[PDB]
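Q: My questions all concern the structure below.
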Amino acid sequence: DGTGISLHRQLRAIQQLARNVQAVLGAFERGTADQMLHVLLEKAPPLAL
Amino acid sequence: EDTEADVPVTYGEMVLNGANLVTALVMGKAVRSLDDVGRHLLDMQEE
């Protein structure tokens, strides 16, 4: 609408996605390391042997 | 005694501008024309 309130709650969806997009794009770089901890420990023999 | 003179412009405007809009979402408070009644009540505060 022509109300700034219409623009103001249009802001508070943008400031909802702008925190979420970094959250999922962060979650891959966080997820990148977590794979390396699996694929090392999958090929890691226990060092007493 | 006919054909008089009245306003064609539809009567004025209330918009929730920065006086209202700040009070609108932050507290939930709304005052019709907070500009002057904020101004005047700030000045009668200093008399």
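Labels for the structure tokens follow display order: chains A, B, ..., residues from 1 in each chain, ligands from 1.
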Mind running chain A against chain B at 12 Å and telling me each contacting residue's nearest atom pair with the distance in Å (one decimal), counting only C-alpha atoms, chain and number ascending, as JSON lines?
A:
```
{"residue": "A:2", "atom": "CA", "partner": "B:15", "partner_atom": "CA", "distance": 9.7}
{"residue": "A:3", "atom": "CA", "partner": "B:16", "partner_atom": "CA", "distance": 7.6}
{"residue": "A:4", "atom": "CA", "partner": "B:16", "partner_atom": "CA", "distance": 7.5}
{"residue": "A:5", "atom": "CA", "partner": "B:21", "partner_atom": "CA", "distance": 7.8}
{"residue": "A:6", "atom": "CA", "partner": "B:16", "partner_atom": "CA", "distance": 11.1}
{"residue": "A:7", "atom": "CA", "partner": "B:21", "partner_atom": "CA", "distance": 11.5}
{"residue": "A:8", "atom": "CA", "partner": "B:21", "partner_atom": "CA", "distance": 9.3}
{"residue": "A:9", "atom": "CA", "partner": "B:25", "partner_atom": "CA", "distance": 10.0}
{"residue": "A:12", "atom": "CA", "partner": "B:25", "partner_atom": "CA", "distance": 11.7}
```
Q: Can I get the selection written as a compact mmCIF listing (two decimals), in the first residue's frame, with C-alpha atoms?
A:
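Resulting contents of part.txt:
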```txt
# COMPACT_ATOMS: atom_id res chain seq x y z
CA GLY A 2 1.04 3.62 0.07
CA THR A 3 1.55 3.33 3.80
CA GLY A 4 5.13 3.25 4.95
CA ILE A 5 3.90 0.50 7.28
CA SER A 6 3.43 -1.59 4.15
CA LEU A 7 7.01 -0.74 3.27
CA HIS A 8 8.08 -1.18 6.90
CA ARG A 9 6.80 -4.72 7.20
CA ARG A 12 11.02 -7.04 8.20
```
Q: Figure out the distance between atom CA of residue 33 of chain A and atom CA of residue 46 of chain A, please, to one decimal in Å.
A: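 Computing it gives 21.0 Å between the two atoms.
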